[PDB]
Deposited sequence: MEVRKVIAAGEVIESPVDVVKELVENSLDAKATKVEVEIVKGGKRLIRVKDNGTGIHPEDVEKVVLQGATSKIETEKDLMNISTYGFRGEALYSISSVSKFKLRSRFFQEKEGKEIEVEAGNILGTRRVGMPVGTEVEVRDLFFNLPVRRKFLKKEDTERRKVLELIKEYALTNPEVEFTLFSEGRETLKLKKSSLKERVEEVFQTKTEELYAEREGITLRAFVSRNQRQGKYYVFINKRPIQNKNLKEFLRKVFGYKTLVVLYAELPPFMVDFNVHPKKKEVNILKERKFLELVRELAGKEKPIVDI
């Protein structure tokens, strides 16, 4: 579950969205620090200690803090853990929501730490991950700071606006329908994103076929628990 900083960011941002955050803020350093802040419902003080599953596995491999203020409470609570060992808790003043800081990832596993990829490779994986969450959560604001610079800022918007902000280009929206397809295509620019029932799909069979029938292609597929309709979809661009 936890091999590198991107895996940490994934689990934390998933937890923020699970807690119906509308603003998710991520900061990474070098790794050295992963911080995820959200304005979701928070965690009751009586449950903060319990959560140390994904947070257990993260806290046992880092110098870990989690602070959270429950929507019903005036104060937050903070728990601090090192490599799975609880170091203490504290009352803290904070806004409603949750902030998790993961420091010195794999400090307790120096071989695993020395085999991590260079900072710039880890950075790009976290950048791509946050783009992927932003593409399926257009109602959510996302910010990413890396090495102290605000490298990604996406405000709440329509899906088409959110696609266009992410990829910095104008798109044409295509549609074809128990099976539903919605794509956004931009032709000059090649990148082929696929979301099946709101989840990111990396399948090679699908990206090659999007390459073959289209270019930037962002495909949102909704299916009950195909490639024909995609090529049917590819013919639906307006004449000009």
| property | result |
| --- | --- |
| Missing stretches, numbered from 1 on the deposited chain sequence and kept in order | 1-11, 42-43, 66-89, 215-216, 229-230, 256-258, 270-290, 306-308 |
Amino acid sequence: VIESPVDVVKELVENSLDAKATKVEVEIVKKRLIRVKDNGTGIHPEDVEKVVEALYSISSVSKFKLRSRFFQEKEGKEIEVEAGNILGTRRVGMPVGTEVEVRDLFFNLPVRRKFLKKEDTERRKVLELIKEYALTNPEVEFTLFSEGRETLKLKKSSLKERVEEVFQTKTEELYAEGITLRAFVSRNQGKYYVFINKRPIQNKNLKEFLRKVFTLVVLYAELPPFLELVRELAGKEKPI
From here on, numbers count along this sequence of modelled residues.
{"query": "Segment of higher mean CA temperature factor, 55-63 or 179-187", "finding": "179-187"}
{"query": "Comparing 139-147 with 113-121, the one whose average Cα B-factor in the PDB entry is higher", "finding": "113-121"}
{"query": "Residue with maximal Cα B-factor (values as given in the PDB entry) among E27, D38, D47, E173", "finding": "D47"}
{"query": "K20 - Cα temperature factor, lowest/middle/highest third of chain", "finding": "middle"}
{"query": "Chain-wide C-alpha B factor ranking for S157, given as lowest, middle or highest third", "finding": "middle"}
{"query": "CA B-factor placement of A83, once the chain's modelled residues are sorted into thirds", "finding": "middle"}
{"query": "Assigned third (lowest, middle, highest) for the C-alpha B factor of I196", "finding": "highest"}
{"query": "For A221, the third of its chain into which the C-alpha B factor falls", "finding": "highest"}
